[PDB]
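[1] Following this: a sequence and the matching experimental structure.
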Amino acid sequence: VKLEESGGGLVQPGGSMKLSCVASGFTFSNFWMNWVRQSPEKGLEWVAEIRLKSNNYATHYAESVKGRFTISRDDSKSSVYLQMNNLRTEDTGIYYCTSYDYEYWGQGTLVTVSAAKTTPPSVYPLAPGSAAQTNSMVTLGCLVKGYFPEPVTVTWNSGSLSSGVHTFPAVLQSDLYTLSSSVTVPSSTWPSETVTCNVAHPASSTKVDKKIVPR
Amino acid sequence: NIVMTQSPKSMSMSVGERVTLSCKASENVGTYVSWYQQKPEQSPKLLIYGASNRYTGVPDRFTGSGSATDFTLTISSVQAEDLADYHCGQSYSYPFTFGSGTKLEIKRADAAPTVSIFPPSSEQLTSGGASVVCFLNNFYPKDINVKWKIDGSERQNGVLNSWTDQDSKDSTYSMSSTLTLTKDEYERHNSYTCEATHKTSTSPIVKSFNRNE
């Protein structure tokens, strides 16, 4: 079973945004569908439900979104939608489409409601100082500074390096996020076998690939 | 609105041990309670529905019980893969509501961090900034402190810290600390040090560089 979500990103307060979700692997027309959202401040919240053709696609909404959101579905496309209007900053969070009982979930998409402007990340290489010590392993990294909104995604060597990777949660400071990612590889393999961080920021349509070279 | 209450926020268990998670409803919700497992950066997954019915594909170490206002999820023998945040939810009455979640931490042996320090890049200096980064990687337990020194003197302003969730593969934690100065201030000092203090030792793990190196 798969629920594939589309949409999300940055929207101004008072603005509108539509989320979509295409179902495959369950008989969509027989299932009630929901939207659920999640935030650090408030946790998981149910948003809206939509029922079946036999009952005229009747709906339910959380009181906090009634009159501002519309849940809809297109059974011919096996798709459920959430149209959000007059958006408020308290509406920011990760939005998931789900089936009844929350049996099947989409992957989630971050909706950020803010008047702050999209800003692409600066991606800086973290390479050890020239007088750093020697060890059988070496740690390298990338510092991702000054972007808005979330998210960014970080890979190393386009995903082929994963075992030695830690990417850290972003922190917000005055309308801009900063994140970092480290990778640890055997020291005999760098710089001979190259190591590059790839930082994708879909909101600004920018991916940066920074190769980490010795100082 | 029906409130689902979960406490405590976290429990720390060794592999093989039994853990019981509790969930209190503010109203009688009959058997309309489900349990979900959520790992970081992932959607929740259904474990139990109807208070006690195990969902297809869920390992049999997971059971659910209870009714009316009190509900329990039991893991008979905790496995490393069970590292996650567990939420209950009620579907008795609209609006449907979720509990706040109990995190399950997997216990492991104490491990000191691997500490690495990095100077500002030339690219960042060109723009007028100077971030010094220290990674404190693969340690346990979770609590840790970083102290930044500039020419031997502590600096607290300009420090940004971030901690990972517990690592699925080795049950450790990691932390990144960034001291951000302007290029102007960075170029007026010589030595930059991060000191990691962790329960494994009162002696800090010290990494440093100087701008002459």
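    It's in. Residues are numbered from 1 along each chain as shown, chains lettered A, B, ... in the order given.

[2] Show me where chain B has its helices.
    B:122-126, B:183-186 (DSSP state H).

[3] Can you redo those helices as CSV, where the extra columns are distance to residue A:138 and mean neighbour count?
    For every residue, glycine as well, the C-beta is placed using N, CA and C. Formatted as CSV, these follow (distance: least, C-beta to C-beta, whole Å; neighbours: other C-beta atoms under 10 Å in any protein chain shown):
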stretch, distance to residue A:138, mean neighbour count
helix B:122-126, 20, 14
helix B:183-186, 24, 15
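
[4] so which of the ones you listed gets nearest chain A?
    Among the helices of chain B, helix B:122-126 comes nearest to chain A, with 4.8 Å by C-beta to the nearest C-beta.

[5] For that closest one, C-alpha coordinates in CSV please.
    Written as CSV, here are the backbone C-alpha positions of helix B:122-126 (Å, rounded to 0.1, in the frame of the first residue of the first chain):
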residue,chain,number,x,y,z
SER,B,122,37.0,30.4,3.1
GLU,B,123,33.6,30.7,1.4
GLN,B,124,32.0,31.7,4.7
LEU,B,125,34.8,34.1,5.6
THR,B,126,34.3,35.9,2.3
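
[6] what's it in contact with?
    A:122, A:124, A:125, A:143, A:145, B:130, B:131, B:183, B:186 (C-beta atoms under 8 Å, 6 or more residues apart in numbering or on different chains).

[7] Quick check: the gap between the first one and residue A:152.
    Here residue A:122 is placed at a distance of 11 Å from residue A:152 (C-beta to C-beta, to the nearest Å).

[8] These two: who's more crowded?
    Using other C-beta atoms under 10 Å in any protein chain shown, the more surrounded residue of residue A:122 and residue A:152 is residue A:152, with 24 against 20.

[9] List the residues that contact the more buried one.
    A:121, A:144, A:170, A:177, A:179, A:199, A:200, A:201.

[10] Doesn't the second one lie inside a strand?
    Spelled out, that is residue A:144. Yes - counting by DSSP: H, G, I helix; E, B strand; the rest coil, residue A:144 is part of a strand.

[11] Dig out what it forms beta bridges with.
    With DSSP bridges applied, the residues forming beta bridges to residue A:144 are residue A:123, residue A:179.

[12] Any idea how many residues pack against it?
    25.

[13] ok, residues contacting stretch B:189-209?
    By C-beta under 8 Å, 6+ apart, the list of residues contacting stretch B:189-209 reads A:129, A:131-132, B:110-113, B:115-117, B:119, B:132, B:134, B:136, B:139, B:141, B:143-152, B:177, B:179, B:210-212.

[14] just the buried members of the residues you listed?
    The neighbour count (16 or more other C-beta atoms under 10 Å in any protein chain shown) marks A:129, A:132, B:111-113, B:115-117, B:119, B:132, B:134, B:136, B:139, B:141, B:144, B:146-150, B:177, B:179 as buried among the contacts of stretch B:189-209.

[15] List the buried residues for stretch B:74-87?
    B:75, B:78, B:82, B:83, B:84, B:85, B:86, B:87.

[16] State the distance from residue B:156 to chain A.
    For residue B:156, the distance to chain A equals 15 Å [C-beta to the nearest C-beta, to the nearest Å].

[17] Please list all residues in contact with that residue.
    residue B:148.

[18] now residue B:107
    Applying C-beta under 8 Å, 6+ apart, the residues near residue B:107 are B:12, B:13, B:14, B:15, B:171.

[19] so the residue lying closest to residue A:214 once chain neighbours are set aside is in which element?
    Counting by C-beta to C-beta, 6 or more residues apart in numbering or on different chains, residue A:214 lies nearest to residue A:191, which is 5.4 Å off, once chain neighbours are set aside. If you go by DSSP states H and E, residue A:191 is not part of any helix or strand.

[20] Many thanks, I have nothing further to ask.
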